[PDB]
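Residue numbers (the entry's author numbering), protein chains in the order written: chain W, 2 to 91; chain 7, 2 to 43; chain G, 2 to 274. We put the CB at the ideal spot given by N, CA and C, even for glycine.
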Amino acid sequence: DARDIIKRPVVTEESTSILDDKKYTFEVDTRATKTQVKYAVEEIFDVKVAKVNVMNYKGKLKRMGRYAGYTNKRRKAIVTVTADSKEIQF
Amino acid sequence: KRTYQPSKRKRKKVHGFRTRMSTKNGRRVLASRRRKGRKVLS
Amino acid sequence: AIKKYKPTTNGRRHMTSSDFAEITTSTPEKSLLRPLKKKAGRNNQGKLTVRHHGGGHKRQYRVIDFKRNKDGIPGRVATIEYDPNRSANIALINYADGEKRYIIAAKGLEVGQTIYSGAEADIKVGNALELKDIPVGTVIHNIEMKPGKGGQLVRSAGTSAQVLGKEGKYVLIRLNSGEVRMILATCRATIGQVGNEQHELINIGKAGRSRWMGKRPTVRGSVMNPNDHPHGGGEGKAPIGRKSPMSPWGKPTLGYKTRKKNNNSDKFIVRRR
RNA sequence: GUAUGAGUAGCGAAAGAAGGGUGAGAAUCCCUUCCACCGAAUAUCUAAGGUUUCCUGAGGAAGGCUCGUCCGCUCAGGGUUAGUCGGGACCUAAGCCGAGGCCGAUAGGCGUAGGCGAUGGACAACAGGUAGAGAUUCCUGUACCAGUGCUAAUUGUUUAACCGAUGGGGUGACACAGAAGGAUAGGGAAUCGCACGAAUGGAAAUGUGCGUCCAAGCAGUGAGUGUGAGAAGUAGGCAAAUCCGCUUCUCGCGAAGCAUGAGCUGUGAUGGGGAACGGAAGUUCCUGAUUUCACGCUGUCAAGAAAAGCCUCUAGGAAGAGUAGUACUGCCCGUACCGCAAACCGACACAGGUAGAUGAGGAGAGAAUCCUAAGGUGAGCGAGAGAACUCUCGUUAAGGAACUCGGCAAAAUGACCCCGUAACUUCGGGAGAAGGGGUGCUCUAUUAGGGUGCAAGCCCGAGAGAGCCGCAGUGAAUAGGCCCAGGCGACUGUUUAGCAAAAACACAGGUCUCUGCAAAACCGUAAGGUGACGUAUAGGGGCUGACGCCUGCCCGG
RNA sequence: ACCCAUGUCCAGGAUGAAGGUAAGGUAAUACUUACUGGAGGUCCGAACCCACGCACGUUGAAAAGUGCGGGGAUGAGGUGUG
Ligand SMILES: [K+]
Ligand SMILES: [K+]
Ligand SMILES: [Mg+2]
Ligand SMILES: [Mg+2]
Ligand SMILES: [Mg+2]
Ligand SMILES: [Mg+2]
Ligand SMILES: [Mg+2]
Ligand SMILES: [Mg+2]
Ligand SMILES: [Mg+2]
Ligand SMILES: [Mg+2]
Ligand SMILES: [Mg+2]
Ligand SMILES: [Mg+2]
Ligand SMILES: [Mg+2]
Ligand SMILES: [Mg+2]
Ligand SMILES: [Mg+2]
Ligand SMILES: [Mg+2]
Ligand SMILES: [Mg+2]
Ligand SMILES: [Mg+2]
Ligand SMILES: [Mg+2]
Ligand SMILES: [Mg+2]
Ligand SMILES: [Mg+2]
Ligand SMILES: [Mg+2]
Ligand SMILES: [Mg+2]
Ligand SMILES: [Mg+2]
Ligand SMILES: [Mg+2]
Ligand SMILES: [Mg+2]
Ligand SMILES: [Mg+2]
Ligand SMILES: [Mg+2]
Ligand SMILES: [Mg+2]
Ligand SMILES: [Mg+2]
Ligand SMILES: [Mg+2]
Ligand SMILES: [Mg+2]
Ligand SMILES: [Mg+2]
Ligand SMILES: [Mg+2]
Ligand SMILES: [Mg+2]
């Protein structure tokens, strides 16, 4: 269920700035684990993963007039690969 | 000083769901709040 | 012995204490310590049931053999030690077995002495026998009401009973209160009085020292309000405006006998104090 | 819903000014410079709490007590990276739940095993960089804990290398106070280096300013502090023990050895940081901790958590075992921001309250006080007239409590040293009694003398003389008014949160009384508990209220 | 409010209890003087806690505060967490 653990990449200026150091920012299932993410990325892209970082984000409050609600709860992994491996592209 | 001096732990362990459902008379509170239809039970 | 403090300030103006000569060590036996936790007169329910208790120095329970089940084995007395949990002092006993126990210290018990228990034990301070096997007139302590339960009756400081006779299966005992009582003869007791005879003579000398001992203030009823006490009220200092003085729950306080009138111990009681 | 008061009260403690700039628009935003405020805080960290308030870019409707081009406001995008930090998968305390069980009109109450539960215990990473927003997290280096496999050696096979409890034992594991030391943070001098070397009379140096470094880990050491060693034998430690405990002998002690142990030296470092992109100096000495050694020592009485984890012991299991080097592996939650505050509690951007770690200098006993350093701020209405009255302050002729319920308030005293000090006294006190004097600067003076040091040098600074100036020398600020007599309560303490602080409560002490232990008394229907893991030198209740001398008569009710 | 367990806080200075040692003194004790020592609901005094007096506020800055003074401040202490 690699394709279900790894939902999306996180395309932002921070992320792109960080890609040159062979680090990849993925958005992931909130129940995933660091180790699952490791083996899933290794599966899905045939890279070697050295280290995997992960943070959890609360949902931000937004409005559209009379109607408030929190954006979805996010979990952002930052995989990094062994230097002697092939890159994930974006 | 003043009378509300907050704490999450105290709040939940007094007024929380498990404290209500531990007690026969706290399940009525929840039955009564579901009967009014409140968005929030405890 | 007793130590008067010079009146260097009014908290000491008449303070006296003990000098603690009888006590040799200040390091109790860790294997025999247990914890105690102050209850302050609170209950099962959390309610203050017994007033005037709470908030002293904390303590450890020193486990004390009142039973003396260890018969025939000799025990060398190692040391005499303070116990906050009692007025008396406690003597540590290393048996030849290797076992260590505490007992009540009796008056005259010295470090270095040897201790025995059972029918073959001579009548000597520290030795525990069945009242079956103790002669009349001798002075004892740590009497038990029931065999094998443990000594239960005379345990406090400077405190002594005296044997008066036999009744077959029973034995007459003058307890410290003057009460003569019938106690079974398979019930054990120690020979001797208790070491801390000076205890009663101590002037605490300070309010704080009773607090340290764990004792809250006693408020009188003549100050309380009528809701709170039957002596309460009156538009000044008022006398006890009742037939008798009264507790906070009615139930006269002065003279009124509170012992149950149909008690099973009545006929074992030969002469009330 | 709209008036009235009414364009009124108020705009919420405080120092701003000008120049430039942006902009449709500027007291209010941005920059600069001077100025001022805090500085045991108005600084730096961080809990709890709040939960996006953080950053960036736009914006000015409303909010902001004015304004606004700005914001903790609105929109939109982003931002929180952990084997080692903290909490869990580790432990337990008070307490809570509670299989069965005991109680009980029901409902349920109690409660064993057992399990949850930190504010405590255990537990392995440090220093730098990070120009929009995180950092012991990321990156760079150097490591540590636990495990795994791969190699290379070594060892073991059933009188069994090894592991070793779910059991046993030791440690863990501990109060309060006091004192002296060692070291170190820190602070400061010269020294060294870099720049300057000067506006207004003077100085090319006894000149001015700035700085004068670096961990964890590894190896070694060590102020020192604790502690006696071996052999035998075991009525004990639910069974067992080679361990603990006990006993008996031998050798006995400012001598080792064994535990800990702050710090120190070398590495780490042919790195990093740093004052002129690069990269200088980094020595010596004084003082010196409230930190650490370390509850280590000494003393006292009020006699000062548990469990796990560690070490060992067998019970057991045992055909695989550990050693080195390698490479790999190491989960979940939190991590933004505020955090004496405009983000928490207070309806407010409220003169209130909010736990702890740090918390510099001169003078100083000092975290006092005045001024200040690093660092933060200039407090969300202003300007200008300087009038009565109100408030907060400052000074006042002569008198000096005549005021007044009353010396309410205010004024006065105030600090260090020296002389000297009453009645009374429970012999401790009264007592800082009172009442009086002296305090500055210069020279004798690198001082007599001390501390430190191998010495050079560096700190503390005792009297004395001899002089100088002022109205005045703790020249500022901070810092007791005293005495006589008396009532009450002995005292310290407590009390009507938000009118009463007291002569009221309590207090130690006295006395009566009850209570034989499944105590009495109390809570509860009962179980069950407190009492009390106590035992009449103890426990409950009533009264009195230190101490001294005493406490009389009446038992008819 | 009372309590339970567990933590933590209290700048600096002063006084100088018991005890102990030594000299004197004695037949020996007493006893005296010194030194040491470090006790206390002890003293002075910030932080911390409280709240005695007065003034101001009194459609408050505040639904109990502010300012100037005031009491305690190693203990019957203050405070945090649960
Ligand atoms: K904790
Ligand atoms: K200072
Ligand atoms: Mg994380
Ligand atoms: Mg009582
Ligand atoms: Mg009353
Ligand atoms: Mg009544
Ligand atoms: Mg009455
Ligand atoms: Mg009257
Ligand atoms: Mg009358
Ligand atoms: Mg008008
Ligand atoms: Mg006005
Ligand atoms: Mg200050
Ligand atoms: Mg902002
Ligand atoms: Mg506006
Ligand atoms: Mg737990
Ligand atoms: Mg930040
Ligand atoms: Mg932060
Ligand atoms: Mg303002
Ligand atoms: Mg005048
Ligand atoms: Mg005059
Ligand atoms: Mg008059
Ligand atoms: Mg008049
Ligand atoms: Mg006055
Ligand atoms: Mg009084
Ligand atoms: Mg009041
Ligand atoms: Mg008052
Ligand atoms: Mg009394
Ligand atoms: Mg019962
Ligand atoms: Mg009275
Ligand atoms: Mg005091
Ligand atoms: Mg006083
Ligand atoms: Mg004040
Ligand atoms: Mg004081
Ligand atoms: Mg506070
Ligand atoms: Mg609380």
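Check: What first and last residue would you give for the alpha helix (DSSP H) that runs through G209 (chain G)?
Finding: For the purposes of this step, residue 209 (chain G) is taken as residue 208 along the third sequence, with counting starting at 1. Looking at the DSSP string, the run of the alpha helix (DSSP H) that includes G209 (chain G) is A208 to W213.
Check: Can you round the beta-carbon distance between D134 (chain G) and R102 (chain G) to whole angstroms, since I take them to be within the 8 Å contact cut?
Finding: The count along the third sequence starts at 1 and reaches residue 134 (chain G) at position 133. The count along the third sequence starts at 1 and reaches residue 102 (chain G) at position 101. The pair is not a contact, with the Cβ atoms about 22 Å apart (cut-off 8 Å).
Next item on the list: Would you mind listing the alpha helix (DSSP H) stretches within the region 170-220 of chain G that are 4+ residues and don't spill past its ends, in chain order?
Entry: 208-213
Check: Alpha carbon to alpha carbon, what distance is there between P85 (chain G) and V53 (chain W)?
Finding: Start at 1 with the first residue of the first sequence, and residue 53 (chain W) comes out as number 52. Start at 1 with the first residue of the third sequence, and residue 85 (chain G) comes out as number 84. Those two C-alpha atoms are separated by around 59 Å.
Next item on the list: Identify every residue that forms a DSSP beta bridge with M247 (chain G).
Entry: Against the third sequence, residue 247 (chain G) aligns to sequence position 246. In the DSSP output, where bridge partners are listed per residue, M247 (chain G) has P253 (chain G).
Note to self: Can you give me the C-alpha to C-alpha distance between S266 (chain G) and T259 (chain G), rounded to a whole angstrom?
What the structure shows: The sequence position of residue 266 (chain G) within the third sequence is 265, counting from 1. The sequence position of residue 259 (chain G) within the third sequence is 258, counting from 1. Between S266 (chain G) and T259 (chain G), the C-alpha separation is close to 15 Å.
Margin query: Could you give the first and the last residue of the continuous beta strand (DSSP E) run that contains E44 (chain W)?
Written below: Along the first sequence, one-based indexing puts residue 44 (chain W) at 43. No beta strand (DSSP E) holds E44 (chain W); the alpha helix (DSSP H) holding it covers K35 to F46.
Next item on the list: Within the region 40-91 of chain W, note down every full beta strand (DSSP E) run reaching 3 residues or more, in order along the chain.
Entry: 50-58, 62-64, 69-71 and 75-82
Note to self: In this structure, how does DSSP classify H142 (chain G) when only helix, strand and coil are distinguished?
What the structure shows: Stepping through the third sequence from its first residue, residue 142 (chain G) is reached at position 141. Strand.
Item checked: For ligand 6, residues whose Cβ lies under 7 Å from any non-hydrogen atom -> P227 (chain G) and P231 (chain G)
Check: Do you know whose CA, among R75 (chain W), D85 (chain W) and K61 (chain W), lies nearest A69 (chain W)'s CA?
Finding: Position 68 of the first sequence, counting from 1, holds the residue named residue 69 (chain W). Ranking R75 (chain W), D85 (chain W) and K61 (chain W) by Cα distance to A69 (chain W) puts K61 (chain W) first.
Checklist line | Same chain, Cβ closer than 6 Å to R14 (chain G), neighbours up to 5 away in sequence not counted | finding: Counting from 1 along the third sequence, the entry for residue 14 (chain G) is found at position 13. Within the same chain, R14 (chain G) has close Cβ partners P8.
Notebook entry, point to check: Could you give the distance in angstroms between the alpha-carbon of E82 (chain G) and the alpha-carbon of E201 (chain G)?
Noted result: Residue numbering aside, residue 82 (chain G) sits at position 81 when the third sequence is read from its first letter. Residue numbering aside, residue 201 (chain G) sits at position 200 when the third sequence is read from its first letter. Computed Cα separation, rounded: 19 Å.
Notebook entry, point to check: Between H53 (chain G) and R212 (chain G), what straight-line distance do the alpha-carbon atoms span, to the nearest angstrom?
Noted result: Residue 53 (chain G) sits at position 52 when you count from the first residue of the third sequence. Residue 212 (chain G) sits at position 211 when you count from the first residue of the third sequence. Between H53 (chain G) and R212 (chain G), the C-alpha separation is close to 10 Å.
Check: Do you know whose CA, among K216 (chain G), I116 (chain G), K238 (chain G) and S248 (chain G), lies nearest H230 (chain G)'s CA?
Finding: For the purposes of this step, residue 230 (chain G) is taken as residue 229 along the third sequence, with counting starting at 1. Ranking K216 (chain G), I116 (chain G), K238 (chain G) and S248 (chain G) by Cα distance to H230 (chain G) puts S248 (chain G) first.
Checklist line | Stretch-stretch touch, CB-based, cutoff 8 Å, three pairs: the region 215-228 of chain G with the region 175-187 of chain G | finding: no
Next item on the list: Whole angstroms is fine: what's the gap from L34 (chain G)'s alpha carbon to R63 (chain G)'s?
Entry: Position 33 of the third sequence, counting from 1, holds the residue named residue 34 (chain G). Position 62 of the third sequence, counting from 1, holds the residue named residue 63 (chain G). One C-alpha to the other measures close to 5 Å.
Notebook entry, point to check: Does at least one heavy atom of ligand 4 sit under 8 Å from the Cβ of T50 (chain G)?
Noted result: Residue 50 (chain G) sits at position 49 when you count from the first residue of the third sequence. The answer is no for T50 (chain G).
Note to self: At the level of alpha carbons, what is the spacing between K252 (chain G) and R29 (chain 7)?
What the structure shows: Within the third sequence, numbered from 1, the residue matching residue 252 (chain G) stands at position 251. Within the second sequence, numbered from 1, the residue matching residue 29 (chain 7) stands at position 28. Cα to Cα, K252 (chain G) sits roughly 43 Å from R29 (chain 7).
Check: Could you give the residue range of the beta strand (DSSP E) that holds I94 (chain G)?
Finding: Indexing the third sequence from 1 puts residue 94 (chain G) at position 93. Note, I94 (chain G): beta strand (DSSP E), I91 to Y96.
Margin query: I'd like to know whether the C-beta atoms of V140 (chain G) and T115 (chain G) end up nearer to each other than 9 Å.
Written below: Start at 1 with the first residue of the third sequence, and residue 140 (chain G) comes out as number 139. Start at 1 with the first residue of the third sequence, and residue 115 (chain G) comes out as number 114. No; because the gap between Cβ atoms is not below 9 Å, this pair is not in contact.
Margin query: Contact between the region 11-20 of chain W and the region 44-52 of chain W is defined here as three or more beta-carbon pairs at a separation below 8 Å; is this criterion met?
Written below: no
Notebook entry, point to check: CA-CA distance, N228 (chain G) and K238 (chain G)?
Noted result: Within the third sequence, the letter at position 227 stands for residue 228 (chain G). Within the third sequence, the letter at position 237 stands for residue 238 (chain G). Going from the Cα of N228 (chain G) to the Cα of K238 (chain G) covers about 17 Å.
Next item on the list: Consult DSSP for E14 (chain W) and reduce its assignment to one of helix, strand or coil.
Entry: Your numbering for residue 14 (chain W) matches position 13 in the first sequence. Residue state, collapsed to three classes: helix.
Next item on the list: Tell me whether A22 (chain G) sits in a helix, a strand or coil according to DSSP, three-state version.
Entry: Working through the third sequence from its first residue, we reach residue 22 (chain G) at position 21. Reduced to three states, the DSSP call for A22 (chain G) is coil.
Next item on the list: Report all residues from its chain with a CB closer than 7 Å to the CB of residue 1 (chain G); omit the five preceding and five following residues, and keep chain order.
Entry: Residue 1 (chain G) cannot be examined here, being either before or after the span of chain G that is shown, 2 to 274.
Notebook entry, point to check: By Cβ distance, which residues of its chain are closer than 8 Å to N73 (chain W), with the 5 residues on each side in sequence left out?
Noted result: In the first sequence, residue 73 (chain W) corresponds to position 72, counting from 1. Closer than 8 Å at the Cβ level, and outside the excluded window around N73 (chain W), lie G60.
Notebook entry, point to check: Which class does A32 (chain 7) belong to by DSSP, given the choice of helix, strand or coil?
Noted result: On the second sequence, residue 32 (chain 7) is found 31 positions in, with the first residue counted as 1. Looking at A32 (chain 7) - three-state DSSP - the assignment turns out to be helix.
Item checked: Exposure of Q194 (chain G), with buried meaning 16 or more beta-carbon neighbours within 10 Å -> Here residue 194 (chain G) is taken as the residue at index 193 of the third sequence, counted from 1. Counting Cβ neighbours within 10 Å, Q194 (chain G) comes out buried, since at least 16 surround it.
Check: Which partner residues of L34 (chain G) appear in the DSSP bridge assignment?
Finding: Along the third sequence, read from residue 1 onward, the residue named residue 34 (chain G) stands at position 33. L34 (chain G) is bridged to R63 (chain G).
Notebook entry, point to check: DSSP state of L132 (chain G), grouped into three classes?
Noted result: Position 131 of the third sequence, counting from 1, holds the residue named residue 132 (chain G). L132 (chain G): helix per DSSP, three-state reduction.
Next item on the list: Give a yes or no on whether the C-beta atoms belonging to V112 (chain G) and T25 (chain G) are separated by under 9 Å.
Entry: Translated into the one-based positions of the third sequence, residue 112 (chain G) becomes position 111. Translated into the one-based positions of the third sequence, residue 25 (chain G) becomes position 24. Yes, the pair counts as a contact, with Cβ atoms nearer than the cut-off.
Margin query: For a test of your reading of the model: does the CB of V55 (chain W) fall under 8 Å from any non-hydrogen atom of ligand 3? Yes or no.
Written below: Walking along the first sequence from the start, residue 55 (chain W) turns up at place 54. At least one heavy atom of ligand 3 is nearer than 8 Å to the Cβ of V55 (chain W), so yes.
Margin query: On the criterion of 16 or more Cβ atoms from any shown chain inside 10 Å, does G152 (chain G) qualify as buried, or is it exposed?
Written below: The count along the third sequence starts at 1 and reaches residue 152 (chain G) at position 151. With 16 or more Cβ atoms within 10 Å of its Cβ, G152 (chain G) is classed as buried.
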